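Content type compact mmCIF, C-alpha atoms, from the file query37.txt:
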```txt
# COMPACT_ATOMS: atom_id res chain seq x y z
CA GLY A 1 0.00 0.00 0.00
CA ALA A 2 2.17 2.83 -1.29
CA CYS A 3 0.08 4.29 -4.08
CA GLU A 4 0.55 8.06 -4.19
CA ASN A 5 0.27 10.28 -7.25
CA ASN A 6 3.18 12.61 -7.97
CA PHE A 7 0.74 14.76 -9.90
CA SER A 8 -2.62 16.05 -8.76
CA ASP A 9 -5.49 13.54 -8.92
CA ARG A 10 -7.24 15.92 -11.31
CA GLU A 11 -4.45 15.49 -13.84
CA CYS A 12 -3.98 11.76 -13.33
CA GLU A 13 -7.73 11.47 -13.96
CA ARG A 14 -7.30 12.95 -17.43
CA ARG A 15 -4.90 10.17 -18.34
CA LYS A 16 -6.85 7.47 -16.47
CA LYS A 17 -7.40 5.79 -19.84
CA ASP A 18 -4.82 3.98 -21.99
CA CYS A 19 -2.85 3.94 -18.74
CA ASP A 20 -1.92 0.39 -19.69
CA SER A 21 -0.23 1.62 -22.86
CA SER A 22 0.80 5.12 -21.75
CA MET A 23 4.36 4.78 -20.50
CA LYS A 24 4.53 8.50 -19.80
CA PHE A 25 1.56 8.08 -17.49
CA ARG A 26 3.67 5.74 -15.39
CA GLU A 27 6.47 8.31 -15.54
CA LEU A 28 3.97 10.88 -14.28
CA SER A 29 3.76 8.58 -11.29
CA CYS A 30 -0.01 8.29 -11.02
CA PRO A 31 -0.52 4.75 -9.57
CA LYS A 32 -3.90 5.84 -8.25
CA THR A 33 -6.88 6.54 -10.51
CA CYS A 34 -5.57 3.92 -12.92
CA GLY A 35 -5.31 1.43 -10.10
CA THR A 36 -1.86 0.31 -11.17
CA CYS A 37 0.61 -0.19 -8.34
```

Rewritten as structure tokens:
Amino acid sequence: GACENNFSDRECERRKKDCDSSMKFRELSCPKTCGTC
């Protein structure tokens, strides 16, 4: 349990889709919203 977004949840929410294929999304460090930890 260490899922914390480096960006604001509002912004991570915009990229909540294609998170599986968006490598930059992972680099944005938004494990929440996508549910990927």

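Atom pair atom CA of residue 34 of chain A / atom CA of residue 16 of chain A: separated by 5.2 Å.
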
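Neighbouring residues of residue 14 of chain A at 12 Å or closer, counting only C-alpha atoms and skipping chain neighbours under 2 positions away, are residues 7, 8, 9, 10, 11, 12, 16, 17, 18, 19, 25, 28, 30, 33 and 34 of chain A.
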
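Between atom CA of residue 37 of chain A and atom CA of residue 23 of chain A there is a distance of 13.7 Å.
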
Using only C-alpha atoms, collect all residues at a distance of at most 10 Å from (1.0, -0.8, -9.4) as written in the file, then present them as number ranges by chain.
A: 1-3, 26, 29-32, 34-37
